Amino acid sequence: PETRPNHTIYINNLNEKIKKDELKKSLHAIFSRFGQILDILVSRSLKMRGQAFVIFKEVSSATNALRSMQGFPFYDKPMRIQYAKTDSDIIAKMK
RNA sequence: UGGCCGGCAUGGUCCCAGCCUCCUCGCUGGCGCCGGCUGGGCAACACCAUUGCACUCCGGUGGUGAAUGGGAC
């Protein structure tokens, strides 16, 4: 069951051998052109590794970034993108 | 040596270079042989497992079971 459009895009299948700080940076490097990015959450834990939440200011940006970067080779692996199941707190604190 | 002990072997103190290492990366650390016990930590590094939807940091195991020569007194 697919997901509905969201301010945040959920990315996975990311190279797990990359340190958190570097990954967030590199991610911003290739995603900031789709629109303002409020934040990028990355965790290296057993349950959260290989994934990331890029939180865009405007849903259109998440949408664009989703369609444009699906399958993009990143750190030797094809990035897999989706909309986040629910809203990130940073977003709730507003809309 | 991370912390502790035994056996053996071994002239000494320096100086240059090279190499070594999870546990004060370096010139007022170390770089003979052998055996036993044992602490911490995944921070880095490695290996294993993981395709996982968060907004609470948080899987496991491994390494020292290491590294040579030369020069002056």
# chains A, B, ... in the order shown; residues from 1 in each chain; ligands from 1
>>> interface_residues(of="chain A", to="chain B", cutoff="6 Å", atoms="only C-alpha atoms (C1' of nucleotides)", output="list in words")
residues 46, 47, 48 and 89 of chain A
>>> select_by_dssp(residues="chain A", states="helix (DSSP H, G or I)", output="PyMOL selection string")
chain A and resi 20-34+59-69+89-92
>>> residues_around(residues="residue A:66", least_positions_apart="3", cutoff="9 Å", atoms="only C-alpha atoms (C1' of nucleotides)", output="list in words")
residues 9, 61, 62, 63, 69, 70, 81, 82 and 83 of chain A
>>> write_last_selection(atoms="N, CA, C and O atoms", output="PDB file, in the first residue's frame")
ATOM      1  N   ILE A   9      10.657  13.191   2.493  1.00  0.00           N
ATOM      2  CA  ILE A   9      10.862  12.047   1.615  1.00  0.00           C
ATOM      3  C   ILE A   9      11.676  11.045   2.395  1.00  0.00           C
ATOM      4  O   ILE A   9      12.579  11.409   3.130  1.00  0.00           O
ATOM      5  N   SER A  61       8.501  20.374  -3.581  1.00  0.00           N
ATOM      6  CA  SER A  61       9.920  20.024  -3.564  1.00  0.00           C
ATOM      7  C   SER A  61      10.111  18.539  -3.285  1.00  0.00           C
ATOM      8  O   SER A  61      10.858  17.872  -3.986  1.00  0.00           O
ATOM      9  N   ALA A  62       9.450  18.020  -2.254  1.00  0.00           N
ATOM     10  CA  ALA A  62       9.566  16.603  -1.944  1.00  0.00           C
ATOM     11  C   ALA A  62       9.114  15.821  -3.160  1.00  0.00           C
ATOM     12  O   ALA A  62       9.752  14.842  -3.549  1.00  0.00           O
ATOM     13  N   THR A  63       8.006  16.254  -3.764  1.00  0.00           N
ATOM     14  CA  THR A  63       7.468  15.570  -4.940  1.00  0.00           C
ATOM     15  C   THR A  63       8.481  15.534  -6.084  1.00  0.00           C
ATOM     16  O   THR A  63       8.780  14.464  -6.628  1.00  0.00           O
ATOM     17  N   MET A  69      15.014  11.972  -8.512  1.00  0.00           N
ATOM     18  CA  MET A  69      16.143  11.204  -8.016  1.00  0.00           C
ATOM     19  C   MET A  69      15.955   9.729  -7.757  1.00  0.00           C
ATOM     20  O   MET A  69      16.889   9.049  -7.315  1.00  0.00           O
ATOM     21  N   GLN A  70      14.758   9.223  -8.010  1.00  0.00           N
ATOM     22  CA  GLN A  70      14.508   7.803  -7.835  1.00  0.00           C
ATOM     23  C   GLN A  70      15.569   7.035  -8.646  1.00  0.00           C
ATOM     24  O   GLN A  70      15.806   7.350  -9.804  1.00  0.00           O
ATOM     25  N   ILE A  81      13.569   6.115  -3.192  1.00  0.00           N
ATOM     26  CA  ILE A  81      12.826   7.167  -2.514  1.00  0.00           C
ATOM     27  C   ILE A  81      11.315   7.007  -2.441  1.00  0.00           C
ATOM     28  O   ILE A  81      10.694   6.439  -3.341  1.00  0.00           O
ATOM     29  N   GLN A  82      10.738   7.537  -1.360  1.00  0.00           N
ATOM     30  CA  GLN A  82       9.298   7.527  -1.103  1.00  0.00           C
ATOM     31  C   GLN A  82       8.914   8.710  -0.242  1.00  0.00           C
ATOM     32  O   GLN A  82       9.760   9.491   0.190  1.00  0.00           O
ATOM     33  N   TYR A  83       7.623   8.830   0.027  1.00  0.00           N
ATOM     34  CA  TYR A  83       7.148   9.891   0.888  1.00  0.00           C
ATOM     35  C   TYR A  83       7.169   9.247   2.262  1.00  0.00           C
ATOM     36  O   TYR A  83       7.018   8.035   2.379  1.00  0.00           O
TER      37      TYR A  83
END
>>> atom_distance(atom1="atom CA of residue A:56", atom2="atom CA of residue A:21")
18.6 Å
>>> residues_around(residues="residue A:12", least_positions_apart="4", cutoff="7 Å", atoms="only C-alpha atoms (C1' of nucleotides)", output="MDAnalysis selection string")
chainID A and resid 50:52 79:81
>>> write_last_selection(atoms="N, CA, C and O atoms", output="JSON list (two decimals), in the first residue's frame")
[["chain", "number", "residue", "atom", "x", "y", "z"],
["A", 50, "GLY", "N", 20.99, 2.99, 6.78],
["A", 50, "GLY", "CA", 20.67, 2.85, 5.37],
["A", 50, "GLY", "C", 19.47, 3.65, 4.93],
["A", 50, "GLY", "O", 19.04, 3.55, 3.78],
["A", 51, "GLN", "N", 18.95, 4.47, 5.83],
["A", 51, "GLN", "CA", 17.78, 5.25, 5.51],
["A", 51, "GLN", "C", 18.06, 6.69, 5.85],
["A", 51, "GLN", "O", 19.10, 6.98, 6.43],
["A", 52, "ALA", "N", 17.13, 7.58, 5.51],
["A", 52, "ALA", "CA", 17.29, 8.99, 5.82],
["A", 52, "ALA", "C", 15.98, 9.72, 5.55],
["A", 52, "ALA", "O", 15.22, 9.32, 4.68],
["A", 79, "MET", "N", 19.69, 4.85, -4.99],
["A", 79, "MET", "CA", 18.87, 5.45, -3.96],
["A", 79, "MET", "C", 17.42, 5.06, -4.24],
["A", 79, "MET", "O", 17.00, 5.06, -5.39],
["A", 80, "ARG", "N", 16.66, 4.70, -3.21],
["A", 80, "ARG", "CA", 15.24, 4.35, -3.36],
["A", 80, "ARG", "C", 14.46, 5.38, -2.54],
["A", 80, "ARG", "O", 14.65, 5.50, -1.31],
["A", 81, "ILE", "N", 13.57, 6.12, -3.19],
["A", 81, "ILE", "CA", 12.83, 7.17, -2.51],
["A", 81, "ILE", "C", 11.31, 7.01, -2.44],
["A", 81, "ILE", "O", 10.69, 6.44, -3.34]]
>>> residues_around(residues="residue A:94", least_positions_apart="5", cutoff="12 Å", atoms="only C-alpha atoms (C1' of nucleotides)", output="JSON, numbers by chain")
{"A": [7, 38, 57, 87, 88, 89]}
>>> residues_around(residues="residue B:14", least_positions_apart="3", cutoff="12 Å", atoms="only C-alpha atoms (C1' of nucleotides)", output="ChimeraX atom specification")
/B:71-73
>>> closest_residue(among="B:68, B:38, B:61, B:56", to="residue B:2", atoms="only C-alpha atoms (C1' of nucleotides)")
B:38
